[PDB]
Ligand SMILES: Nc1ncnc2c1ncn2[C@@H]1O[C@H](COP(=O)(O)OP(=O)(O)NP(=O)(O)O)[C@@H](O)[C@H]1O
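The chain below stands alone and is given as structure tokens, in the form solved without the ligand.
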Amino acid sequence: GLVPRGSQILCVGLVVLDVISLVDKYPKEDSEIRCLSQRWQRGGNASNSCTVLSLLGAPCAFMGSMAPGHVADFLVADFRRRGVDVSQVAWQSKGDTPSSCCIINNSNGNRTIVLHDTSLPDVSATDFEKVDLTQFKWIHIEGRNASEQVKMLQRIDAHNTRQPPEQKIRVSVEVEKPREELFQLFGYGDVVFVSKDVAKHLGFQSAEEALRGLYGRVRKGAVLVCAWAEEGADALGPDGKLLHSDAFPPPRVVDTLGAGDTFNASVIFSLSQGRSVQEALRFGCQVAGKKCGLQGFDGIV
């Protein structure tokens, strides 16, 4: 139906069906064992950020690859359940909709993961060329297929060029996996989110070290953001003033799965609402903190 002009936040990236099983002891190959509990969860960075923005009170839309089937059916119903607009999905004729199987040992708490197959093609620049951008006030891209995502990001810059400053689409990028191909995405977006893993792999031993060491890579006037678990988060703008927020840990830590995604979405939300980078770092840390003492995303606000 009718989405008002420049009203939505779009998240471009991965959706996956995570089957999570809790077991007494790790299964030995060729065995038939019974789990304590089993959960079917909708995962993926851009998918999780959508759930959060819906819960935060934001009209939001997801854009990722899915193949028609029963896995896609569960995921779409979950998106819809979290009030996410699913009309921009790139429906693929060939490939398997991602599904990862996870095994949690009730004993040592260790996570054994069997990642989804590579069969499904990622969203292309041509798939993206087809999108009428006027309904989006902000577009967020989870770095995956950088070459292609660069063309998408050039398109938003092109769109923006012919628009008044009050009708310009704000853009954020996320470099979460420590893969070389992605490091070119640093040059795009008004807000750049770099992870602890990417920073550590690049050498940096802290968020100040990362932000001071990678700010050169950003486009003129961009804000480089880094969350460092318990150390809270830092942000660095074009003024050179390193901003910081201490973490807001929960009384006890329940589930940290999707905490960075909660951080990203909350920062995007705060900025989209006209708040300062400092007000936004604080908001992000408050919400990502509340989430960690919760099972899933129910009651994060």
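By rigid core we mean the largest C-alpha set that fits within 1.5 Å across both forms. The first residue of the sequence shown is number 1, and the count goes up from there.
Taking only CA atoms, the mean B-factor in the PDB entry is higher for 104-112 than for the other of 104-112 and 153-161. Judged by mean Cα B factor in the deposited record, 33-41 ranks above the other of 55-63 and 33-41. Per the deposited record, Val253 carries the highest C-alpha B-factor of all listed residues (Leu271, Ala265, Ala235, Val253). Between the residues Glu209, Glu166, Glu174, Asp78, it is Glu166 that shows the highest Cα B-factor in the PDB record. The entry lists a Cα temperature factor for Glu142 that places it in the lowest third of the chain's modelled residues. Per the PDB record, residue ranking by Cα B-factor puts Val131 in the middle third of the chain.
When the CA B factors of the chain's modelled residues are split into thirds, the value for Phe183 lands in the highest one. In the deposited entry, the Cα temperature factor of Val19 places it in the middle third of its chain's modelled residues. Among all modelled residues in this chain, the alpha-carbon of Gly289 has a temperature factor (C-alpha) in the middle third.
There is also a form solved in complex with the ligand; it is not shown, and the following applies to it.
Checked against the ligand in the bound PDB entry, the residues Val173, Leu211, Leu75, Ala227 give one hit for a heavy atom within 4.5 Å, which is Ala227. A single residue from the set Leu236, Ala61, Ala58, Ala233 has any heavy atom within 4.5 angstroms of the ligand in the bound PDB entry; that residue is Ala233. Within this chain, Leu36 is remote from the site of the ligand in the bound PDB entry, having no heavy atom within 4.5 Å. Among heavy atoms of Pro249, some come within 4.5 Å of the ligand in the bound PDB entry.
In the bound PDB entry, at least one heavy atom of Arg111 sits within 4.5 Å of a heavy atom of the ligand. When the ligand is considered in the bound PDB entry, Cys285 lines it closely, a heavy atom lying within 4.5 Å. Core-based superposition between the shown form and the other one leaves all of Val218, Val84, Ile104, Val123 but one with CA shifts under 2 Å; the exception is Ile104. After superposition on the rigid core, the Cα of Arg34 moves by 2 Å or more between the shown form and the other one.
In the core-superposed comparison between the shown form and the other one, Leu22 has its Cα shifted by at least 2 Å. Once you line up the core between the shown form and the other one, the Cα of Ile113 ends up 2 Å or more from where it was. Compared with the form shown, the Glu32-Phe74 C-alpha separation increases in the bound PDB entry, the change being 3 Å or greater.
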